[PDB]
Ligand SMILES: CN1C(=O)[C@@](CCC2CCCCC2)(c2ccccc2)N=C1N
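The data below hold one chain only, encoded as structure tokens and taken in the form deposited without this ligand.
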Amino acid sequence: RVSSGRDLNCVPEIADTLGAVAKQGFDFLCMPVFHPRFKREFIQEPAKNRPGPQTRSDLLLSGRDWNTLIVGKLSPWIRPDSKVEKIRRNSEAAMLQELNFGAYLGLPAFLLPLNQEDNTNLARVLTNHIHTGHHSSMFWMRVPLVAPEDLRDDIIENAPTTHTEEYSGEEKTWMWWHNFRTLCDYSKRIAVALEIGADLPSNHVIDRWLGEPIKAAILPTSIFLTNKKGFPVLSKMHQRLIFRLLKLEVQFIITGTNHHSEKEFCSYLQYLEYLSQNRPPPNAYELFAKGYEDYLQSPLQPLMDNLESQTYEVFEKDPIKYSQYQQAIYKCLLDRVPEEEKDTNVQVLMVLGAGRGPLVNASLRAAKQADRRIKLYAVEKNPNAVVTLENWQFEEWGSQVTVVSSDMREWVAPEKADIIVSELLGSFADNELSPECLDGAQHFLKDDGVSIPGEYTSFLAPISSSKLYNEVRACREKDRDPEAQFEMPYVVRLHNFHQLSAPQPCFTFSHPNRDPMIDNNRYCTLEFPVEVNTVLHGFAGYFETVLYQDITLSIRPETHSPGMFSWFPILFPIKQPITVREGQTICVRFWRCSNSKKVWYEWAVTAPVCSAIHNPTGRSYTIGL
């Protein structure tokens, strides 16, 4: 269910407080490490020589408690950005002092406010703490959805609250976070604690946070309504936000005093538990795809590489995919042998990349469904898999199946095919070089022959995710280009992100390819109208294929094949994030390039500003031929 904690700014005895909040059902406690009112002097005598102790002893909890149950809080008098020089100097010293103490205690996180626009000196001081010894602990930057200045009651006669529509102004708190994090150069240790108020802002203002590293959501007691039986509860819209935040699996923090008295603080908490246990329970995909969220993987290259036995296991574990293939072959057979010919006419069906044989079996199930006669070839270059095929053809298929252990581009067929069937497709359709493989094989398809699939089309959509940008960035490796990470696609269950525009088709391929001169290179230009303010971090890729007539496969979200878990989305990063303003168009350029040896993608953003061309010459990433 839910991981949640108590925020307090009063701890008389840390023993009792912790027990109490544990008793109440909290997983952890956010509290000061020094007394919030205990302003300290570092420079001026006499205050400087204030006899210690400066705070309460580390001996008061176990190492294990400090490690797991406690989040620290910067003292609220500490103002590194004060315009008063002496306050700035003491606030630097005190911020260091307090951060160093959290680190001494081995606290797993430490809360710091972004409660105004200028946090430059705060950023500078935090970045220094981070660049003093490599540690794991997190900084939770406490940012409001809505600036307190824009939340204030309209009760100052000579200083009224402006009610003029304010698109950018209502997003100012995101800019506070954005600027702070940019100064701190996207440290993986700096994340967001999103503080939520009674007034939810516009949905555009909430949308600003879609791709951001939110670790916690702070819920004041204030924002809870009361129901008839006096229980604390939340507005339908507060509930919607909570549901959004549960999907992002953040930790919830309850702050402020009890405003529902003849109820404990577990009443707030039980409400949250109530909402999580009462969420739409996860579909099959959402459970399959669960552990894989924002996890970057190399795209498979099953041409250049021999896939492992367990790789084929998981391909085979997607029945919806093979139902579709059965059905496409089913339909194609009936179209090709009339009932009066069923028994005199036997169709040569060649599986091209047969792996351990599920396409062969589907072809078999299809023919007995169609009550038509089929001769199979099962062509596979991975000789490890050929082992599985040949044990199958001996023990089960018998001689209806000729297993061919060769490359389809090289194989000399004893005869031509009525139908070729292939599943040579990656998450970006042509990224496994299905075009080149099928081009090489097409000379042995009969002049009236069907390829299944007949067609595939790749799609791109620009995305915002500071989370994924940071994950890519952290894939630097010794003994290559320090920026190579950014010039290669990743397969990933895209999760913490914002789609900035509807996907658009990128590259399309047709089989058989009639072209007199066939050329599988490509140059596409795409314009993505963007209706928000945002930061572009890369392009989600998806694909659609026509197996046969109306039978298709898709991971394109708008047309996703339902309950098919094969093929996560692909992600083209860019080296430098690009600010985009509501109304602006993102223009991206993609090339498919090749030698005799290798095929690769190059890409450039050309609007609202230009990127570098990514992966020029295939220097960071290529697909082997």
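A residue's number is simply how far along the shown sequence it sits, counting from 1. Shifts are known only where both forms have a C-alpha. Rigid core (definition): largest C-alpha set, two forms, superposition within 1.5 Å.
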(request) Using the B-factors recorded in the PDB entry, average over the C-alpha atoms of 351-359 and of 317-325, then report which stretch comes out higher. (result) 317-325
(message) Quick check: 594-602 versus 23-31, which has the larger average CA B-factor in the record?
(response) 23-31
(request) By the entry's C-alpha temperature factors, tell me which of 241, 452, 217, 93 sits highest. (result) 241
(request) Among 488, 87, 159, 114, single out the one with the highest C-alpha B factor in the record, please. (result) 159
(request) Would you mind ranking residue 589 by its C-alpha B-factor against the rest of the chain and naming the third, lowest, middle or highest? (result) lowest
(message) Is residue 15 in the lowest, middle or highest third of its chain when residues are ranked by C-alpha B-factor?
(response) highest
(request) For residue 572, return the chain-relative third of its C-alpha B-factor as stated in the PDB record: lowest, middle or highest. (result) lowest
(message) How does the C-alpha B factor of residue 542 compare with the rest of the chain: lowest, middle or highest third?
(response) lowest
(request) Ordered by C-alpha B-factor within the chain, which third holds residue 557? Give me lowest, middle or highest, please. (result) middle
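What comes next is about the form solved in complex with this ligand, which does not appear here.
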(request) Could you check the pocket for me: superposition on the site C-alphas, this ligand placed as it sits in the deposited complex, then open or blocked, blocked being at least 3 ligand atoms within 2.4 Å of backbone or C-beta atoms? (result) blocked
(message) Would you classify residue 555 as touching this ligand in the deposited complex, given a 4.5 Å non-hydrogen atom cut-off?
(response) yes
(request) Using the partner position in the deposited complex, report whether residue 509 sits within 4.5 Å of this ligand, counting heavy atoms only. (result) yes
(message) Can you work out whether residue 570 and this ligand are in contact in the deposited complex, taking contact to mean some heavy atom pair no more than 4.5 Å apart?
(response) yes
(message) Please determine whether residue 26 contacts this ligand in the deposited complex, using a 4.5 Å cut-off between heavy atoms.
(response) no
(request) Given this ligand in the deposited complex, answer whether the residues 431, 459 and 541 all have a heavy atom inside 4.5 Å of it. (result) yes
(message) If the cut-off is 4.5 angstroms on heavy atoms, which of these, 435, 213, 201, 232, is the one near this ligand in the deposited complex?
(response) 435
(request) Report the residue, out of 66, 590, 34, 600, that has at least one non-hydrogen atom within 4.5 angstroms of this ligand in the deposited complex. (result) 590
(request) Heavy atoms, 4.5 Å, this ligand in the deposited complex: which of 148-156, 335-343, 268-276, 542-550 makes the cut? Say which one. (result) 542-550
(request) Pick out the one residue among 333, 350, 141, 494 whose C-alpha shifts by 2 Å or more between the shown form and the other one, once the rigid core is superposed. (result) 494
(message) Core superposed first: is there a CA shift of 2 Å or greater at residue 429 between the shown form and the other one?
(response) yes
(message) Taking the rigid core as the reference frame, tell me whether residue 305 has a CA displacement of 2 angstroms or more between the shown form and the other one.
(response) yes
(request) Work out the direction of the Cα-Cα change for residue 306 and residue 489 in the deposited complex: closer or farther than in this form? It's 3 angstroms or more. (result) closer
(message) With a change of at least 3 Å, which way does the C-alpha separation between residue 430 and residue 517 go in the deposited complex: closer or farther?
(response) farther
(message) For a quick check of understanding: after superposing on the core, name the runs of at least three residues, shared by both forms, whose CA atoms each shift 2 angstroms or more between the shown form and the other one.
(response) 298-307, 424-432, 494-497
